[PDB]
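Taking the form deposited without the ligand, here's one chain by itself in structure tokens.
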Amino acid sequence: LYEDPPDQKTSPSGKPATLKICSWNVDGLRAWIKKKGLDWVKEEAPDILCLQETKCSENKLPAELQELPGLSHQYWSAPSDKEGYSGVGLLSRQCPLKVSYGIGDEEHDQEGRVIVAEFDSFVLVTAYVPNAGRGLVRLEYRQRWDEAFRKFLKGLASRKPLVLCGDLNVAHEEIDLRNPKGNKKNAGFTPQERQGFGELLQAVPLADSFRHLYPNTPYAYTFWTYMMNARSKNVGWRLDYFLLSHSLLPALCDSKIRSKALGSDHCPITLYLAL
């Protein structure tokens, strides 16, 4: 059903790529390590690695992470008392100019979901967007999250070009999951969440890097449920994105989906930019 095409490492204007970012919902740092997720990171050797759903505070990080080759500048965020839940990481070869946590809004800054790293020519945000939950019990909260998050990003983008990556917990369009018709009332494919996402692209503004390059390409997913061995049948969802400011599009080389990389129920995604 899907074969990600070869890595295009030069820009439309012929500039070689200078930055490789990789994002990955790891479904628990210790499970991911146990499943050889680190081995794959060493093969990708990104300039910056963003991790979501670490399920782990900084006080309890596995030693294998301290010894991650290349990525020495590491920033970690998690719920401060609740183990086994949410949590994000941002790991970089180069030291950022500034690193901050959350979105400036007390209600939305308790669950370790957002890290912002500022560099010379752009700002990188990684996020683990709140799931709407079984029975949509968190859908109202998610809509409030979506609005606060959008305003925050609009604010960052007014100063510097922006890259947002992570598990944004939404499949934008019907092409972004295998079973759109069965999922219109479920977390990840409700009109409210799909609308929030659409308005995010238009308000900041941001472009969906993968869909911009591959507008008609179906069956490209980043998440498959362990349930019923969905991955072996490619019954999945694209929940993981690189969204970028329109000003960065001339710098865009490729946006990749590493379908075969094991370690989680999500696969990694990888961006090439010529900055």
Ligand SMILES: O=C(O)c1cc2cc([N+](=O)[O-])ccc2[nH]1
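When you see a residue number, it is the position in the sequence shown, counting from 1.
FYI, the form solved in complex with the ligand isn't displayed, but the following is about it.
Although the partner is absent here, residue 119 lies within 4.5 Å of the ligand in the entry with it bound, judged by heavy atoms. Mapping the unseen interface onto this chain, residue 18 counts among the residues with a heavy atom inside 4.5 Å of the ligand in the entry with it bound. Using a 4.5 angstroms limit between non-hydrogen atoms, residue 27 is distant from the ligand in the entry with it bound.
With a 4.5 Å cutoff on heavy atoms, residue 86 does not count as touching the ligand in the entry with it bound; it lies far away. The putative spot formed by 48, 94 and 275 is fully lined by the ligand in the entry with it bound; each residue has a non-hydrogen atom within 4.5 angstroms of it. Of the stretches 121-129, 137-145, 182-190, 200-208, only 121-129 has residues with a heavy atom within 4.5 Å of the ligand in the entry with it bound.
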